[PDB]
Amino acid sequence: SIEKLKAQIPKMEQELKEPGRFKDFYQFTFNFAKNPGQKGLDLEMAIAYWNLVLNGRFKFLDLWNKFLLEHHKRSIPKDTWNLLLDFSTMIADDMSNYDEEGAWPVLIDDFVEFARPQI
Amino acid sequence: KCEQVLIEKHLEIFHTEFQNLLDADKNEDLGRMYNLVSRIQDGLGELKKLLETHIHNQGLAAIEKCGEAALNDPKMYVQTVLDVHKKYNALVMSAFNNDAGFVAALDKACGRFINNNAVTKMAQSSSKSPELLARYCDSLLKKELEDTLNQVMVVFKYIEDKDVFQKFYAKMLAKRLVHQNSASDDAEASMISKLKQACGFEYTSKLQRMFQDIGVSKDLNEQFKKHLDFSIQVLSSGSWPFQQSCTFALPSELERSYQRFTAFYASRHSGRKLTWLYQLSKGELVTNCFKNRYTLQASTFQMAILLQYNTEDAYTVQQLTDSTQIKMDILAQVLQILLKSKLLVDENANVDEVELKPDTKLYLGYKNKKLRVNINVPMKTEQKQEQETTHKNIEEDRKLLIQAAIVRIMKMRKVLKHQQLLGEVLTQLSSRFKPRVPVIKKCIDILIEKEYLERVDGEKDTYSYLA
Amino acid sequence: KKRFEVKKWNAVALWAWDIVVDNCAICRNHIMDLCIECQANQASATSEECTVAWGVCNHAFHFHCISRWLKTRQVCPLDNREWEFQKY
Ligand SMILES: [Zn+2]
Ligand SMILES: [Zn+2]
Ligand SMILES: [Zn+2]
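The rules behind each value
Residues numbered from 1 in each chain as written, not as in the entry; some residues may be left out. Chains lettered and ligands numbered in written order. Part of a larger assembly, values for the part shown. Heavy atoms only, no water. Donors = N, O, S within 2.8 Å, 3.2 Å for Na, K, Ca; no water. Buried < 20%, exposed > 50% of the residue type's maximum accessible area, 1.4 Å probe, protein only. Helix = DSSP H or I, 4+ residues; strand = E, 2+ residues; numbered from the N terminus. Contact = heavy atoms within 4.5 Å. Buried area = accessible area lost by both parts, 1.4 Å probe. Salt bridge = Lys/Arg side-chain N within 4 Å of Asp/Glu carboxyl O. Polar contact = N/O pair within 3.5 Å; in protein donor to acceptor, adjacent residues only side chain to side chain. Patch = residues over 30% accessible without salt bridge, like charges linked within 9 Å, V, L, I, M, F, W, Y side chains within 5 Å. Areas by Shrake-Rupley, 256 points an atom, 1.4 Å probe, with all protein chains shown as cover. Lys, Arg positive; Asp, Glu negative; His and termini not counted. Charge placed at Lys NZ, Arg CZ, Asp CG, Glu CD. Nonpolar A, V, L, I, M, F, W, Y, C, P; charged D, E, K, R; others polar. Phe/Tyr/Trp six-rings, centres within 6.5 Å; stacked < 30°, edge-to-face > 60°. Core = buried A, V, L, I, M, F, W, Y, C linked by side-chain atoms within 4.5 Å. Pairing = 2+ DSSP bridges. Axes fitted to C-alpha atoms, helices over the stretch in contact; angles between N-to-C directions.

**Some remarks on the coordination of the zinc ion (ligand 1)**
As a benchmark, a tetrahedral metal site with four donors has ideal angles of 109.5 degrees, while an octahedral site with six donors has ideal angles of 90 or 180 degrees.
Residue and element names in this part refer to chain C.
Logical step 1: The zinc ion (ligand 1) binds to the protein through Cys-35 (SG), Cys-38 (SG) and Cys-50 (SG), with metal-donor distances spanning 2.3 Å.
Logical step 2: When the donors of the zinc ion (ligand 1) are listed by position in the chain, the intervening gaps give C-x2-C-x11-C.
Logical step 3: Its relative accessible area of 1% is what places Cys-35 among the buried residues.
Logical step 4: Taking relative accessible area as the criterion, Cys-38 reaches 4% and is therefore assigned buried.

What follows is the structure, given as structure tokens:
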């Protein structure tokens, strides 16, 4: 019914924000927002979806957004998007638990190195 | 008891003397010291570390003494390293009775001060030493001497970056094989055997392929001269580091040979053609209109430019460009080379400093003491660009080898952690070079992007292989 | 105005198969141009490494194309024998 569609928004907005299902939604967003003809998402489109999806959840979204504009003028691969949410979940305010020799992409570690002095 | 009273109670004083005995060469005093201290149990460690520190400091001082000159003079650097190395080797053999600890300390110190030095800091890279060693080897080989080769070989094992040296030596050997200026084939064979003992079989097999190509070219040339002064060398493109030439217009006088040989190849081999190279091609020309008969050795570009003056008089740079079809940089370099020798010259001191723009000329004097004249000289800035290109190729090849090593590792083991792949990669390539983790890490993301490795969902730190 | 004559000439030339030097066997694009999968995606780190790969049989192929071919088959397409990398 139309009333069911109207009432759908509160409940599944409440339910989607829970962990687990939100992981599946975040994974599906990459394929949904990507044209079939290219494996890499465009920079502007990726920034727009980062603003739209990770609003408030990411502690340093405003700082992370200003990056990869004057330095990384290339498309974003699929692996960085997958690990960005885990990096945001594991990160702390002091950023002292990060490791440069771990399983993180070359973009996350360079961003951490760039943002370390300013805090 | 006595050894405790006489030697143990004054060991500190002995140490204070040791450095002094290192400042002034006294082999007998050092030998007596070693003999007396050898009685004391685990008393040689301080002497070993002091000797290592002294050797490192002396080597650093010796390298820094000849600064600003060894960058473009490899021979001075090799001699400075070799004299110090032989002096300390003789000292260890004589005074210290060739002890294992002393030779180990000497090797550690040599490896420390050879890779890193003032020259390395000036060059901002650690690959300068293998390049200098390769340059010295090429200078020695190109046109009683095996001792220097053995010294170079025994020094080379201390180099932690052998790929650069191998690539530079292969390139210089190819250049020395293309142009027939070699001191002796026996020296080349001895060097090949020494590298076979030192390096792997594949690196020497590449050079064996080069020699086989040279022999095939010689046989083809003799067959051509039997069938018929023109000499040509045919080499495979996939086994030599040369690059394709730019656009160039064949001189008319040289066209006659070009049509004759090519068809011959079409008669012998079907399905292949020839891509001629002009930067590595040289020749001789004879002029009889001077005061005395003259013969000049030139290159293809220089010969073409000169043969453009036959039947005309003064030319200007726009013409030499649209007729001969030579790029602006190469044409400018060739014109500068021709100028600095007074053959084409409004009378300007700064021929070296000149700015050449399209405006201008043969000078008919040209006296010289010698009847025959070599005007073919290396370009001003070709060597630096060639070195940079070789270095870039080395880094790209390093990345490719790491990407292939990870792939070949991830086929014996279906699943692997991140701290067990890196150690395997490091220990597998440790013979040639020691890659950095970000270099090894940047290759993993490339492989994952190309659908070669997959991160399992449950663990982000454990890769797997997919078909 | 002068007279010049040449006494001798020395030249160096390289030989290669004409069937594949002009264009790759796997992909009909130019050998100096980017590969088929490197053209649709042109904003990635894999588009700055598409170079030429040579073998023992003096066969020139794109590095990505030959790497993909050597994932399920271990023979050079044109001569039908084991392929070994020689230079890049
Ligand atoms: Zn490609
Ligand atoms: Zn291709
Ligand atoms: Zn083949």
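The rest of the description comes next.
**Examining the environment of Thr-80 of chain A**
Residues and elements named next belong to chain A.
Logical step 1: With respect to the element layout, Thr-80 can be found in helix 5 (residues 78-90).
Logical step 2: With relative accessibility at 10%, the residue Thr-80 sits in the buried group.
Logical step 3: Taking the C-alpha atoms as reference points, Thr-80 and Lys-39, 41 residues apart in sequence, are found 13 Å from one another.

**Notes on the interface of chain B and chain C**
Logical step 1: Counting from both sides, the interface comprises 59 residues of chain B and, opposite them, 34 residues of chain C.
Logical step 2: Buried surface at the junction of chain B and chain C, summed over both partners, amounts to about 4,900 Å²; 54% is from carbon and sulfur atoms.
Logical step 3: On the surface where chain B and chain C come into contact, there are three salt bridges.
Logical step 4: When the shortest N-O distance is used, the salt bridge between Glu-49 of chain C and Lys-450 of chain B registers 3.4 Å.
Logical step 5: Inspection of the chain B/chain C interface yields 26 residue pairs in polar contact.
Logical step 6: Secondary-structure elements contributing two or more residues to the side of chain B that touches chain C are helix 12 (201-227), strand 1 (230-236), helix 13 (255-268), strand 2 (272-277), strand 3 (282-287), helix 14 (300-306), helix 17 (382-412) and helix 19 (437-449) of chain B.
Logical step 7: The greatest single-element share of the side of chain B that touches chain C, amounting to seven residues, is contributed by strand 1 of chain B.

**Section: a positive patch on the surface**
Logical step 1: Side chains of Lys-291, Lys-367, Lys-369 and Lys-370 of chain B sit close together on the surface and give a patch of like positive charge.
Logical step 2: Its place among the elements puts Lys-370 of chain B in the loop between helix 16 (328-339) and strand 5 (372-374).

**Concerning the interface of chain A and chain B**
When the parts come together, some accessible area is lost, and that loss is often what is quoted as the size of the interface.
Logical step 1: Contacts between the two partners involve 12 residues from chain A and, on the opposite side, 12 residues from chain B.
Logical step 2: At the surface where chain A touches chain B, the tally comes to one salt bridge.
Logical step 3: In this structure, the salt-bridge partner of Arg-455 of chain B is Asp-79 of chain A, at a minimum N-O distance of 2.7 Å.
Logical step 4: Across the chain A-chain B interface, the total number found is five residue pairs in polar contact.
Logical step 5: Elements represented by at least two residues in the side of chain A that touches chain B include exactly helix 5 and helix 6 (106-115) of chain A.
Logical step 6: Among the residues making up the side of chain A that touches chain B, the classes are represented as six nonpolar, one polar and five charged.

**So, the coordination of the zinc ion (ligand 3)**
Residue and element names in this part refer to chain C.
Logical step 1: Within the protein, the atoms that donate to the zinc ion (ligand 3) are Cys-57 (SG), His-59 (ND1), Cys-76 (SG), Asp-79 (OD) and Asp-79 (OD), at distances of 2.0 to 2.5 Å.
Logical step 2: Summarised as a motif, the one-chain spacing of the donors to the zinc ion (ligand 3) is C-x1-H-x16-C-x2-D. Residue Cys-57 is located in the loop between strand 2 (52-55) and strand 3 (60-62), and its partner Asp-79 is located in the loop between helix 3 (63-69) and strand 4 (85-87); the two are separated by 22 residues in the primary sequence.
Logical step 3: Look at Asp-79 and you get partly exposed, because its relative accessible area is 24%.

**Remarks on the packing of aromatic side chains**
Logical step 1: Within the structure shown, the criterion is met by 39 aromatic pairs over all chains.
Logical step 2: With a centroid separation of 5.8 Å and 20° between ring planes, the pair formed by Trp-240 of chain B and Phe-242 of chain B is classed as stacked.
Logical step 3: Its relative accessible area of 2% is what places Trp-240 of chain B among the buried residues.
Logical step 4: Of the residues examined, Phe-242 of chain B reaches a relative accessible area of 10% and is grouped as buried.
Logical step 5: Ring centres 5.6 Å apart and planes at 80° place the aromatic pair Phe-290 of chain B and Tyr-294 of chain B in the edge-to-face group.
Logical step 6: You can call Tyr-294 of chain B buried: its relative accessible area is 5%.
Logical step 7: Members of the aromatic cluster, joined through ring pairs, are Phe-224, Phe-230, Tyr-258, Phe-261, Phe-264, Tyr-265 and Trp-276 of chain B together with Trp-9 of chain C.

**Let's talk about the nonpolar core**
Logical step 1: Counting 73 residues, the largest nonpolar core has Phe-18, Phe-96, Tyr-169, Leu-207, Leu-235, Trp-240 and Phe-242 of chain B as the members making the most contacts within it.
Logical step 2: A total of 10 residues in this core trace back to one element, the largest contributor, which is helix 10 (residues 162-178) of chain B.

**Things to note about the side chain of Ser-190 of chain B**
Residues and elements named next belong to chain B.
Logical step 1: As for its position among the elements, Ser-190 is in helix 11 (residues 185-198).
Logical step 2: Judged by relative accessible area, which is 15%, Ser-190 ranks as buried.
Logical step 3: For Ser-190, the residues in contact, after removing those within four places along its chain, are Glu-146 and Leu-149.

**Quick word on the sheet that holds strand 3 of chain C**
Residues and elements named next belong to chain C.
Logical step 1: The strand order 3-2-4 describes an open sheet built from three strands, whose pairing is antiparallel. The open sheet has two free edges, formed respectively by strand 3 and strand 4, since each of these has just one partner strand. Along the sheet, successive strands turn relative to each other by an average axial angle of 50°, direction set aside.
Logical step 2: Two elements, strand 2 and strand 3, share three bridges in a ladder whose sense is antiparallel. Note that in strand 3 the partner of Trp-54 across the bridge is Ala-60.

**Some details on the side chain of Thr-204 of chain B**
All names here are of chain B.
Logical step 1: Looking at where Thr-204 falls in the secondary structure, it is placed in helix 12.
Logical step 2: A relative accessible area of 0% means that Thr-204 is categorised as buried.
Logical step 3: A distance of 3.4 Å separates the side chain of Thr-204 from the backbone oxygen of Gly-200, its partner in a polar contact.
Logical step 4: The contact partners of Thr-204, leaving out residues within four places of it in the chain, are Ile-192, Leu-195 and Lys-196.

**Remarks on unusual backbone geometry**
All names here are of chain B.
Logical step 1: Phi at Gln-124 is positive, roughly 60°, even though this residue is not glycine.
Logical step 2: Positionally, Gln-124 belongs in the loop between helix 7 (118-123) and helix 8 (128-141).
Logical step 3: Backbone geometry at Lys-342 places phi at a positive 55°, although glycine is not the residue there.
Logical step 4: With respect to the element layout, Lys-342 can be found in the loop between helix 16 and strand 5.

**Considering the pairing of strand 1 (residues 5-17) of chain C**
Logical step 1: Where strand 1 of chain B lies against strand 1 of chain C, seven bridges are found, and the strand directions are parallel. When the bridges of strand 1 of chain C are listed, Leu-235 of chain B appears paired with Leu-14 of chain C.
Logical step 2: Note that strand 2 of chain B and strand 1 of chain C share six bridges and pair antiparallel. Considered in strand 1 of chain C, the bridge of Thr-275 of chain B is made with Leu-14 of chain C.
Logical step 3: Bridging between strand 3 of chain B and strand 1 of chain C involves four bridges; their strand directions are antiparallel. Counted as the bridge partner of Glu-284 of chain B is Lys-8 of chain C from strand 1 of chain C.

By themselves these figures say nothing about function.
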